[PDB]
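Source file: my_file_38.txt (compact mmCIF, C-alpha atoms and all ligand atoms)
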```txt
# COMPACT_ATOMS: atom_id res chain seq x y z
CA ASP R 1 -1.91 -22.68 7.94
CA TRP R 2 -1.34 -18.93 7.53
CA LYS R 3 -0.06 -18.30 11.10
CA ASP R 4 2.55 -21.07 10.71
CA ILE R 5 4.13 -19.99 7.37
CA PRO R 6 7.72 -19.10 8.27
CA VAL R 7 8.48 -15.40 8.64
CA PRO R 8 11.28 -14.63 6.11
CA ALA R 9 12.76 -11.73 8.07
CA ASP R 10 15.36 -12.44 10.82
CA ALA R 11 14.02 -11.80 14.42
CA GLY R 12 17.56 -11.49 15.85
CA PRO R 13 19.75 -13.49 18.24
CA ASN R 14 17.68 -15.52 20.80
CA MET R 15 14.51 -13.95 19.34
CA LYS R 16 11.31 -15.33 17.83
CA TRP R 17 8.40 -13.85 15.84
CA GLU R 18 5.22 -13.34 17.93
CA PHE R 19 1.86 -13.33 16.07
CA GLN R 20 -0.21 -10.19 16.73
CA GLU R 21 -3.94 -10.62 17.24
CA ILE R 22 -4.63 -7.58 15.07
CA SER R 23 -3.79 -9.81 12.04
CA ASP R 24 -6.86 -10.80 10.05
CA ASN R 25 -7.57 -13.78 7.74
CA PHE R 26 -11.01 -12.42 6.67
CA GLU R 27 -12.91 -15.69 7.26
CA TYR R 28 -16.20 -13.96 8.37
CA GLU R 29 -18.88 -12.39 6.19
CA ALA R 30 -19.07 -8.57 6.19
CA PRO R 31 -21.77 -7.12 3.83
CA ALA R 32 -20.58 -3.96 1.94
CA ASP R 33 -23.24 -1.64 3.41
CA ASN R 34 -23.46 -3.27 6.87
CA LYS R 35 -20.05 -4.52 7.90
CA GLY R 36 -20.88 -6.01 11.33
CA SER R 37 -18.86 -6.37 14.56
CA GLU R 38 -16.18 -8.80 13.43
CA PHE R 39 -14.94 -6.44 10.73
CA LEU R 40 -15.38 -3.33 12.87
CA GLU R 41 -13.32 -4.68 15.77
CA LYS R 42 -10.22 -4.40 13.62
CA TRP R 43 -11.05 -2.06 10.75
CA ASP R 44 -12.80 1.18 9.77
CA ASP R 45 -14.18 1.06 6.19
CA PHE R 46 -12.77 4.46 5.17
CA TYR R 47 -9.52 6.40 4.84
CA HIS R 48 -8.20 7.79 8.15
CA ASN R 49 -9.75 11.25 7.65
CA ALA R 50 -12.51 12.64 5.40
CA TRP R 51 -10.36 13.03 2.29
CA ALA R 52 -11.93 10.99 -0.55
CA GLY R 53 -8.71 10.18 -2.36
CA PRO R 54 -6.47 11.30 -5.20
CA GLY R 55 -7.03 11.68 -8.99
CA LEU R 56 -10.48 10.46 -10.02
CA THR R 57 -10.75 8.42 -6.73
CA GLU R 58 -13.87 8.91 -4.56
CA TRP R 59 -13.65 6.41 -1.73
CA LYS R 60 -16.91 4.89 -0.35
CA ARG R 61 -17.65 2.78 2.75
CA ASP R 62 -19.85 0.51 0.64
CA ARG R 63 -17.17 -0.38 -1.95
CA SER R 64 -15.39 -2.74 0.47
CA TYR R 65 -16.70 -6.04 1.88
CA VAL R 66 -15.59 -9.43 3.17
CA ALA R 67 -16.85 -12.62 1.57
CA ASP R 68 -15.82 -16.18 0.65
CA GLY R 69 -12.52 -15.95 2.66
CA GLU R 70 -11.19 -12.60 1.35
CA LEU R 71 -11.33 -8.89 1.93
CA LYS R 72 -12.62 -7.52 -1.39
CA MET R 73 -12.92 -3.95 -2.75
CA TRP R 74 -14.25 -2.97 -6.22
CA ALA R 75 -14.65 0.09 -8.48
CA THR R 76 -17.76 1.68 -10.19
CA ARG R 77 -18.22 4.98 -12.10
CA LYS R 78 -19.82 7.67 -9.94
CA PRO R 79 -23.17 8.43 -11.59
CA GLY R 80 -22.96 11.70 -13.66
CA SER R 81 -19.24 12.15 -13.08
CA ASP R 82 -15.78 11.08 -14.23
CA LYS R 83 -14.97 10.01 -10.63
CA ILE R 84 -14.70 6.33 -9.71
CA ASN R 85 -16.08 5.08 -6.38
CA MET R 86 -13.84 2.36 -4.82
CA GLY R 87 -12.89 0.99 -1.41
CA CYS R 88 -10.45 1.98 1.41
CA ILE R 89 -10.16 0.49 4.91
CA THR R 90 -7.90 1.51 7.87
CA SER R 91 -6.74 -0.52 10.92
CA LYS R 92 -8.21 0.54 14.28
CA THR R 93 -4.81 -0.13 15.96
CA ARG R 94 -1.43 1.26 14.88
CA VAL R 95 1.85 -0.56 14.41
CA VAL R 96 5.44 0.51 14.95
CA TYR R 97 8.99 -0.84 14.28
CA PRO R 98 10.27 -3.49 14.86
CA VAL R 99 7.39 -5.18 13.00
CA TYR R 100 6.98 -7.61 10.06
CA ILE R 101 3.73 -7.22 8.05
CA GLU R 102 2.70 -9.40 5.13
CA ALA R 103 -0.42 -9.53 2.98
CA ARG R 104 -1.38 -12.40 0.73
CA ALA R 105 -3.17 -10.55 -2.11
CA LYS R 106 -4.11 -10.65 -5.78
CA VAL R 107 -3.29 -7.46 -7.75
CA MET R 108 -6.24 -6.36 -9.99
CA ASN R 109 -6.30 -6.76 -13.78
CA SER R 110 -6.94 -2.97 -13.88
CA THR R 111 -5.09 0.34 -14.49
CA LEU R 112 -6.14 1.31 -10.98
CA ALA R 113 -3.61 0.85 -8.14
CA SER R 114 -3.89 -2.15 -5.74
CA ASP R 115 -2.43 -0.91 -2.42
CA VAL R 116 -1.44 -2.16 1.04
CA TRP R 117 0.42 0.57 2.93
CA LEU R 118 1.29 2.17 6.34
CA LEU R 119 0.73 5.91 7.07
CA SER R 120 1.45 7.91 10.26
CA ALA R 121 -1.49 9.71 11.94
CA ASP R 122 -0.07 13.12 10.90
CA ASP R 123 0.42 12.07 7.19
CA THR R 124 4.16 12.74 7.31
CA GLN R 125 5.60 9.22 7.09
CA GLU R 126 4.48 6.31 4.81
CA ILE R 127 5.70 2.76 3.92
CA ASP R 128 4.33 0.86 0.88
CA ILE R 129 3.95 -2.89 1.27
CA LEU R 130 2.19 -3.45 -2.09
CA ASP R 131 1.62 -0.77 -4.75
CA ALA R 132 0.89 -2.27 -8.21
CA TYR R 133 -0.96 -1.41 -11.44
CA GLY R 134 -1.86 -4.91 -12.65
CA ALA R 135 -3.72 -4.59 -16.02
CA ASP R 136 -2.59 -6.69 -19.02
CA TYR R 137 -3.94 -3.95 -21.34
CA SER R 138 -5.12 -0.28 -21.13
CA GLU R 139 -8.04 0.86 -23.38
CA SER R 140 -7.61 4.49 -22.18
CA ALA R 141 -4.00 4.53 -23.59
CA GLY R 142 -4.72 2.03 -26.42
CA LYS R 143 -1.68 -0.07 -25.32
CA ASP R 144 -0.29 -3.30 -23.94
CA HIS R 145 0.19 -2.53 -20.20
CA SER R 146 2.82 -5.21 -19.46
CA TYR R 147 5.34 -2.47 -18.52
CA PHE R 148 3.25 -2.18 -15.35
CA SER R 149 1.58 -5.66 -15.12
CA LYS R 150 5.07 -7.17 -14.43
CA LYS R 151 6.18 -4.55 -11.77
CA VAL R 152 5.43 -3.96 -8.10
CA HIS R 153 6.42 -0.61 -6.62
CA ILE R 154 8.13 -1.05 -3.25
CA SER R 155 8.82 2.27 -1.62
CA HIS R 156 8.36 4.69 1.30
CA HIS R 157 7.65 8.47 1.51
CA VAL R 158 8.37 11.29 3.90
CA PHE R 159 6.31 14.51 3.51
CA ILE R 160 6.29 18.12 4.55
CA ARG R 161 2.57 19.03 4.70
CA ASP R 162 2.43 22.83 4.27
CA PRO R 163 3.65 23.63 1.74
CA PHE R 164 3.26 20.12 0.43
CA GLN R 165 6.44 18.28 -0.59
CA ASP R 166 6.99 14.55 -1.14
CA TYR R 167 10.20 12.49 -1.10
CA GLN R 168 10.50 8.78 -2.08
CA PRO R 169 13.52 6.81 -3.41
CA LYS R 170 13.39 6.73 -7.25
CA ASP R 171 16.25 4.28 -8.18
CA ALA R 172 15.32 1.43 -10.56
CA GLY R 173 15.24 -1.25 -7.79
CA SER R 174 12.13 0.52 -6.31
CA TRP R 175 10.10 -1.30 -9.04
CA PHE R 176 10.56 -5.04 -8.69
CA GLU R 177 10.16 -7.26 -11.76
CA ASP R 178 11.14 -10.92 -12.35
CA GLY R 179 8.83 -12.00 -15.18
CA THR R 180 5.76 -12.69 -12.96
CA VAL R 181 2.45 -11.12 -14.12
CA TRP R 182 1.13 -10.13 -10.69
CA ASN R 183 -2.60 -10.18 -11.62
CA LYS R 184 -2.61 -13.99 -12.27
CA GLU R 185 -2.23 -15.31 -8.66
CA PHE R 186 -2.17 -14.52 -4.98
CA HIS R 187 1.30 -13.60 -3.78
CA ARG R 188 2.75 -12.69 -0.39
CA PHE R 189 4.05 -9.12 -0.08
CA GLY R 190 5.77 -8.22 3.20
CA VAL R 191 7.95 -5.59 4.82
CA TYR R 192 10.23 -5.78 7.87
CA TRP R 193 10.20 -2.24 9.26
CA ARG R 194 13.15 -2.84 11.64
CA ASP R 195 13.95 0.68 12.93
CA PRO R 196 13.58 4.33 11.62
CA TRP R 197 16.48 3.77 9.14
CA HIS R 198 16.02 0.19 7.88
CA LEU R 199 13.28 -1.47 5.69
CA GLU R 200 13.45 -4.93 4.04
CA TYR R 201 10.89 -5.94 1.37
CA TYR R 202 9.90 -9.60 0.81
CA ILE R 203 7.88 -11.23 -1.99
CA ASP R 204 6.89 -14.87 -1.64
CA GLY R 205 9.21 -15.50 1.26
CA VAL R 206 12.35 -13.94 -0.32
CA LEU R 207 14.21 -10.72 0.45
CA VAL R 208 13.92 -8.66 -2.73
CA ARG R 209 15.17 -5.17 -1.60
CA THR R 210 16.84 -3.55 1.42
CA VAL R 211 16.49 0.23 1.97
CA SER R 212 18.82 1.23 4.73
CA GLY R 213 20.53 4.43 5.97
CA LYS R 214 19.89 8.20 6.13
CA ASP R 215 21.00 9.01 2.53
CA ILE R 216 18.17 6.85 0.98
CA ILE R 217 15.46 7.05 3.76
CA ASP R 218 15.55 10.90 4.24
CA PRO R 219 18.42 12.70 2.30
CA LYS R 220 16.41 16.01 2.17
CA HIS R 221 15.95 16.09 6.02
CA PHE R 222 12.09 16.25 5.69
CA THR R 223 12.07 14.45 9.03
CA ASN R 224 14.05 17.12 10.96
CA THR R 225 12.17 17.92 14.23
CA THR R 226 13.36 21.59 13.85
CA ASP R 227 13.19 23.14 10.32
CA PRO R 228 12.16 20.27 7.96
CA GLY R 229 14.03 20.42 4.61
CA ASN R 230 17.08 22.24 5.99
CA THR R 231 20.08 19.98 5.19
CA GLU R 232 22.52 22.16 7.25
CA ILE R 233 21.01 20.91 10.52
CA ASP R 234 20.34 17.30 11.48
CA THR R 235 17.51 16.45 13.88
CA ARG R 236 16.09 13.81 11.47
CA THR R 237 13.72 11.29 13.09
CA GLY R 238 13.64 8.74 10.22
CA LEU R 239 10.53 6.50 9.93
CA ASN R 240 9.83 6.58 13.69
CA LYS R 241 6.10 7.36 13.98
CA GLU R 242 3.51 4.61 14.69
CA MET R 243 1.32 3.97 11.57
CA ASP R 244 -2.19 2.97 10.46
CA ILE R 245 -2.44 0.00 8.05
CA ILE R 246 -4.43 1.05 4.95
CA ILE R 247 -5.77 -1.30 2.18
CA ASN R 248 -7.35 0.35 -0.88
CA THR R 249 -7.45 0.91 -4.60
CA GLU R 250 -6.77 4.36 -6.17
CA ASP R 251 -6.84 6.24 -9.39
CA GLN R 252 -3.76 8.54 -9.22
CA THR R 253 -3.40 11.96 -11.01
CA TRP R 254 -0.06 11.11 -12.69
CA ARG R 255 -1.95 8.18 -14.44
CA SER R 256 -5.41 9.76 -15.25
CA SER R 257 -4.11 13.30 -16.00
CA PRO R 258 -0.50 12.74 -17.05
CA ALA R 259 2.05 15.58 -17.20
CA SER R 260 2.48 15.06 -20.92
CA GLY R 261 -1.21 15.71 -21.62
CA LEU R 262 -0.93 12.74 -24.05
CA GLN R 263 -3.74 10.17 -24.39
CA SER R 264 -1.01 7.59 -24.91
CA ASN R 265 0.35 7.99 -21.32
CA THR R 266 -3.21 8.14 -19.83
CA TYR R 267 -3.94 4.97 -17.80
CA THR R 268 -7.36 4.89 -16.16
CA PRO R 269 -10.40 2.53 -16.61
CA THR R 270 -12.86 3.27 -19.42
CA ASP R 271 -16.61 2.55 -18.91
CA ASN R 272 -16.16 -0.56 -21.07
CA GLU R 273 -13.35 -1.82 -18.77
CA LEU R 274 -15.35 -1.07 -15.60
CA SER R 275 -18.14 -3.33 -16.92
CA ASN R 276 -15.88 -6.30 -15.93
CA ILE R 277 -16.33 -6.43 -12.11
CA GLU R 278 -13.81 -9.24 -11.49
CA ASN R 279 -11.02 -7.28 -13.27
CA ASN R 280 -11.70 -4.34 -10.93
CA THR R 281 -11.93 -6.30 -7.69
CA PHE R 282 -8.85 -6.33 -5.38
CA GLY R 283 -8.80 -9.42 -3.07
CA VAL R 284 -6.78 -9.86 0.11
CA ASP R 285 -6.76 -13.40 1.55
CA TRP R 286 -5.00 -12.27 4.79
CA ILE R 287 -2.70 -9.81 6.46
CA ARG R 288 -0.42 -11.08 9.22
CA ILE R 289 1.64 -8.99 11.62
CA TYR R 290 4.52 -10.22 13.88
CA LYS R 291 6.78 -8.59 16.52
CA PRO R 292 10.22 -9.96 17.48
CA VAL R 293 10.40 -11.09 21.17
CA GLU R 294 13.00 -12.81 23.38
CA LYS R 295 12.76 -16.60 23.61
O1 LIG P 301 5.49 1.36 -21.59
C1 LIG P 301 5.29 2.31 -20.57
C2 LIG P 301 6.47 2.52 -19.59
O2 LIG P 301 7.59 3.14 -20.19
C3 LIG P 301 8.70 3.28 -19.31
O3 LIG P 301 9.83 3.68 -20.05
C4 LIG P 301 8.37 4.30 -18.20
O4 LIG P 301 9.42 4.45 -17.27
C5 LIG P 301 7.16 3.80 -17.41
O5 LIG P 301 6.65 4.76 -16.51
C6 LIG P 301 7.31 4.72 -15.27
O6 LIG P 301 6.53 4.40 -14.10
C7 LIG P 301 7.36 4.65 -13.00
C8 LIG P 301 8.75 4.27 -13.51
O7 LIG P 301 9.36 5.54 -13.68
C9 LIG P 301 8.32 6.52 -13.84
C10 LIG P 301 7.78 6.17 -15.23
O8 LIG P 301 6.68 6.94 -15.66
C11 LIG P 301 7.46 6.12 -12.70
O9 LIG P 301 7.64 6.58 -11.34
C12 LIG P 301 6.41 6.98 -10.76
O10 LIG P 301 6.39 8.28 -11.31
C13 LIG P 301 5.39 9.13 -10.71
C14 LIG P 301 6.01 10.52 -10.57
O11 LIG P 301 5.32 11.36 -11.48
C15 LIG P 301 4.66 8.69 -9.38
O12 LIG P 301 4.84 9.70 -8.38
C16 LIG P 301 5.04 7.31 -8.82
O13 LIG P 301 5.01 7.20 -7.41
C17 LIG P 301 3.71 7.16 -6.87
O14 LIG P 301 3.93 8.03 -5.74
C18 LIG P 301 2.97 7.79 -4.71
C19 LIG P 301 1.60 7.72 -5.39
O15 LIG P 301 1.37 6.30 -5.55
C20 LIG P 301 2.57 5.58 -5.20
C21 LIG P 301 3.52 5.70 -6.40
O16 LIG P 301 4.83 5.36 -6.02
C22 LIG P 301 3.09 6.42 -4.08
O17 LIG P 301 3.06 6.15 -2.64
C23 LIG P 301 1.82 6.09 -1.96
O18 LIG P 301 0.78 5.23 -2.40
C24 LIG P 301 -0.45 5.40 -1.67
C25 LIG P 301 -1.49 4.35 -2.10
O19 LIG P 301 -0.80 3.10 -1.98
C26 LIG P 301 -1.01 6.85 -1.65
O20 LIG P 301 -1.29 7.26 -2.96
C27 LIG P 301 0.08 7.80 -1.10
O21 LIG P 301 -0.23 9.18 -1.35
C28 LIG P 301 -0.18 10.04 -0.18
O22 LIG P 301 -1.26 9.61 0.75
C29 LIG P 301 -1.52 10.58 1.79
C30 LIG P 301 -0.19 11.02 2.48
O23 LIG P 301 0.20 12.17 1.65
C31 LIG P 301 -0.76 12.38 0.55
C32 LIG P 301 -0.32 11.51 -0.67
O24 LIG P 301 -1.31 11.57 -1.69
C33 LIG P 301 -1.97 11.93 1.29
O25 LIG P 301 -2.49 12.71 2.32
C34 LIG P 301 -3.69 13.40 2.03
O26 LIG P 301 -3.39 14.48 1.10
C35 LIG P 301 -4.57 15.31 0.85
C36 LIG P 301 -4.35 16.44 -0.13
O27 LIG P 301 -4.11 15.72 -1.29
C37 LIG P 301 -5.04 15.98 2.15
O28 LIG P 301 -3.92 16.75 2.56
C38 LIG P 301 -5.31 14.93 3.25
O29 LIG P 301 -5.44 15.61 4.47
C39 LIG P 301 -6.76 15.85 4.89
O30 LIG P 301 -7.46 16.85 4.05
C40 LIG P 301 -8.70 17.34 4.64
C41 LIG P 301 -9.72 16.30 5.13
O31 LIG P 301 -9.12 15.85 6.40
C42 LIG P 301 -8.09 16.76 6.82
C43 LIG P 301 -6.72 16.19 6.42
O32 LIG P 301 -5.72 17.17 6.73
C44 LIG P 301 -8.43 17.95 5.99
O33 LIG P 301 -9.44 18.81 6.43
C45 LIG P 301 -4.10 13.97 3.40
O34 LIG P 301 -4.36 12.94 4.38
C46 LIG P 301 1.34 7.53 -1.92
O35 LIG P 301 2.39 8.22 -1.29
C47 LIG P 301 6.46 7.11 -9.25
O36 LIG P 301 6.93 5.95 -8.60
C48 LIG P 301 6.03 3.33 -18.35
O37 LIG P 301 5.32 4.48 -18.75
NA NA P 302 -8.72 -15.41 4.06
```

Would you mind writing the file out in structure tokens?
Ligand SMILES: OC[C@H]1O[C@@H](O)[C@H](O)[C@@H](O[C@@H]2O[C@H]3CO[C@@H]([C@@H]2O)[C@@H]3O[C@@H]2O[C@H](CO)[C@H](O)[C@H](O[C@@H]3O[C@H]4CO[C@@H]([C@@H]3O)[C@@H]4O[C@@H]3O[C@H](CO)[C@H](O)[C@H](O[C@@H]4O[C@H]5CO[C@@H]([C@@H]4O)[C@@H]5O[C@@H]4O[C@H](CO)[C@H](O)[C@H](O[C@@H]5O[C@H]6CO[C@@H]([C@@H]5O)[C@@H]6O)[C@H]4O)[C@H]3O)[C@H]2O)[C@H]1O
Ligand code: NA
Amino acid sequence: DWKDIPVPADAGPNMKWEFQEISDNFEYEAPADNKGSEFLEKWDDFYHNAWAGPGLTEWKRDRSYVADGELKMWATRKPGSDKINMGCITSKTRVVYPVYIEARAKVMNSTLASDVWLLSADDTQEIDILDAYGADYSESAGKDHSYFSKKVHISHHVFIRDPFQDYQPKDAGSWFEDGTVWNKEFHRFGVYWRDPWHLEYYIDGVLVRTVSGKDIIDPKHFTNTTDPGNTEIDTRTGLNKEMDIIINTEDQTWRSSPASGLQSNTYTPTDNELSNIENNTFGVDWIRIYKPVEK
């Protein structure tokens, strides 16, 4: 039973993990174009503001649904356009540290991203739980895609909004790989967001990466309360803001319109590849959320 699977993160001395009722195991039916009350108690079937998404992404309410025990989301070409319509949902309640969140999900066999992530209301602070490009092969690039099919990107971002600037860690351990081809099975991807300076990432019940301390979480002081980006003064908040849970797929600009301008680094679904619905359907069996409490 999903609620009983041990939590791999450590609740602390004389502490236990308490299951949060905002968790969802998606056992109800929610039609794509008419979600119903069970879905809508916990989720909104869009991004958290009117933006339709990055790259070729054009999010749609009717590209997410719940059926046969899973949250599902799929992708179709927008008629007359290069854009791809695909799903995005947002939690109606926010979470904050200390909190352990884990999704059991199956990365798509697509060049599109399969995402489970956390984002503050003001778009300044973000934590990835799952961010993966699962395809075995890319027709757009004409190449074996196993460089990506074997990697999951585990990261966090802090932003300055105007003018827009984005920091994330970029060391090699931010892409996890152990030989697993992610698109073949459901796996459990979790994060313990312990405090503003400490994240632990877990895959299948095992600690795979720790990101801890000011020098990796915010070395450019984008989180200063006074004068973001000024490293001479330190009023950094860290990852302190409460966050929405977002589940989606995305086409990103660095993939569909790469810097190099080269077809060979261009990874985005062709019309032929979009004809396979299953390959472009992202499935989430459940998402469970726990808080540490005193015994
Ligand atoms: O064989 C091939 C192989 O060879 C090897 O040798 C190569 O190394 C391989 O390639 C490698 O891959 C990686 C390994 O090294 C590099 C190599 O190429 C590479 O590293 C990647 O490189 C890239 C850098 O170029 C990437 O950046 C990539 O990182 C990505 O970074 C982001 C994007 O996706 C994730 C990747 O890590 C990541 O993190 C988040 O992911 C989520 C989805 O899960 C989102 O995409 C999120 O994006 C953000 O979301 C919100 C918050 O901020 C914005 C941002 O997009 C956004 O906010 C909205 O922003 C818009 C404007 O865009 C509006 O402001 C909107 O606001 C609203 O606008 C209107 C309407 O309402 C209001 C409101 O204000 C307004 O009126 C905002 O809400 C991501 O952060 C990197 O790792 C190989 O080739
Ligand atoms: Na389920």

- request: Select all residues near (14.1, 17.5, 13.7) (cut-off 12 Å, inclusive, file coordinates), counting all atoms listed in the file, and output them as a ChimeraX atom specification.
  value: /R:218,220-238,240

task: Would you list the contacts of residue 28 (chain R) as a PyMOL selection string, taking every protein, DNA or RNA residue within 12 Å and counting all atoms listed in the file, but skipping same-chain residues closer than 6 positions in sequence?
output: chain R and resi 35-40+65-71+285-286

Selected residues written out, C-alpha atoms, as a short mmCIF file (atom, residue, chain, number, x, y, z; two decimals), in the coordinates of the input:
```cif
data_model
loop_
_atom_site.label_atom_id
_atom_site.label_comp_id
_atom_site.auth_asym_id
_atom_site.auth_seq_id
_atom_site.Cartn_x
_atom_site.Cartn_y
_atom_site.Cartn_z
CA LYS R 35 -20.05 -4.52 7.90
CA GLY R 36 -20.88 -6.01 11.33
CA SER R 37 -18.86 -6.37 14.56
CA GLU R 38 -16.18 -8.80 13.43
CA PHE R 39 -14.94 -6.44 10.73
CA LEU R 40 -15.38 -3.33 12.87
CA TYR R 65 -16.70 -6.04 1.88
CA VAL R 66 -15.59 -9.43 3.17
CA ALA R 67 -16.85 -12.62 1.57
CA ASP R 68 -15.82 -16.18 0.65
CA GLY R 69 -12.52 -15.95 2.66
CA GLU R 70 -11.19 -12.60 1.35
CA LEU R 71 -11.33 -8.89 1.93
CA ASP R 285 -6.76 -13.40 1.55
CA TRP R 286 -5.00 -12.27 4.79
#
```

- line: atom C40 of ligand LIG 301 (chain P) sits from CA of residue 51 (chain R) at a separation of 5.2 Å

- request: Name each residue within 7 Å of ligand LIG 301 (chain P), counting all atoms listed in the file, as a list in words.
  value: residues 49, 50, 51, 54, 115, 116, 117, 119, 123, 124, 126, 128, 131, 145, 147, 148, 153, 155, 156, 157, 159, 170, 250, 252, 254 and 265 of chain R

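Closest to ligand NA 302 (chain P) among R:154, R:31, R:186, R:121 is R:186, based on all atoms listed in the file.
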
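By all atoms listed in the file, and with residues fewer than 3 positions from residue 199 (chain R) along its chain excluded, the set lying at most 8 Å from it is residues 191, 192, 193, 194, 195, 210, 211 and 212 of chain R.
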
- prompt: When distances are computed from only C-alpha atoms, which of R:141, R:118, R:103, R:7 shows the smallest separation from residue 264 (chain R)?
  reply: R:141

- line: Counting only C-alpha atoms and all ligand atoms, closest pick from R:61, R:109, R:241, R:283 relative to ligand NA 302 (chain P) is R:283

query: Nearest to ligand NA 302 (chain P) among R:106, R:58, R:77, R:269, with distances taken over all atoms listed in the file: which residue is it?
result: R:106

Would you fill the gaps in region 1-13 of chain R so it has N, CA, C and O atoms, then print it as a compact mmCIF listing (two decimals), in the coordinates of the input?
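Below is the file that was written, rebuild.txt:
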```
# COMPACT_ATOMS: atom_id res chain seq x y z
N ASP R 1 -1.21 -23.74 7.12
CA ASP R 1 -1.91 -22.68 7.94
C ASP R 1 -1.18 -21.33 7.97
O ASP R 1 0.03 -21.25 8.26
N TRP R 2 -1.93 -20.27 7.73
CA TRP R 2 -1.34 -18.93 7.53
C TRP R 2 -0.45 -18.48 8.69
O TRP R 2 0.57 -17.85 8.45
N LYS R 3 -0.85 -18.76 9.93
CA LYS R 3 -0.06 -18.30 11.10
C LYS R 3 1.30 -19.03 11.18
O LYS R 3 2.27 -18.47 11.71
N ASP R 4 1.37 -20.24 10.64
CA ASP R 4 2.55 -21.07 10.71
C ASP R 4 3.57 -20.86 9.56
O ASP R 4 4.65 -21.38 9.62
N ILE R 5 3.20 -20.14 8.49
CA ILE R 5 4.13 -19.99 7.37
C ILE R 5 5.36 -19.30 7.96
O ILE R 5 5.23 -18.29 8.65
N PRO R 6 6.58 -19.80 7.67
CA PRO R 6 7.72 -19.10 8.27
C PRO R 6 7.76 -17.60 7.91
O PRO R 6 7.42 -17.19 6.78
N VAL R 7 8.20 -16.80 8.87
CA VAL R 7 8.48 -15.40 8.64
C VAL R 7 9.88 -15.32 7.99
O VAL R 7 10.84 -15.89 8.55
N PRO R 8 9.99 -14.63 6.81
CA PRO R 8 11.28 -14.63 6.11
C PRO R 8 12.33 -13.68 6.70
O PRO R 8 13.57 -13.87 6.47
N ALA R 9 11.87 -12.66 7.42
CA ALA R 9 12.76 -11.73 8.07
C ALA R 9 13.39 -12.36 9.35
O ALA R 9 12.87 -13.36 9.92
N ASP R 10 14.53 -11.79 9.79
CA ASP R 10 15.36 -12.44 10.82
C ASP R 10 15.00 -11.71 12.15
O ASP R 10 15.22 -10.51 12.27
N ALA R 11 14.43 -12.44 13.11
CA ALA R 11 14.02 -11.80 14.42
C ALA R 11 15.22 -11.35 15.30
O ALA R 11 15.06 -10.57 16.26
N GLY R 12 16.42 -11.84 15.01
CA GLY R 12 17.56 -11.49 15.85
C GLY R 12 18.02 -12.60 16.80
O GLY R 12 17.37 -13.67 16.92
N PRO R 13 19.14 -12.36 17.51
CA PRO R 13 19.75 -13.49 18.24
C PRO R 13 18.92 -13.82 19.50
O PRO R 13 18.48 -12.89 20.19
```
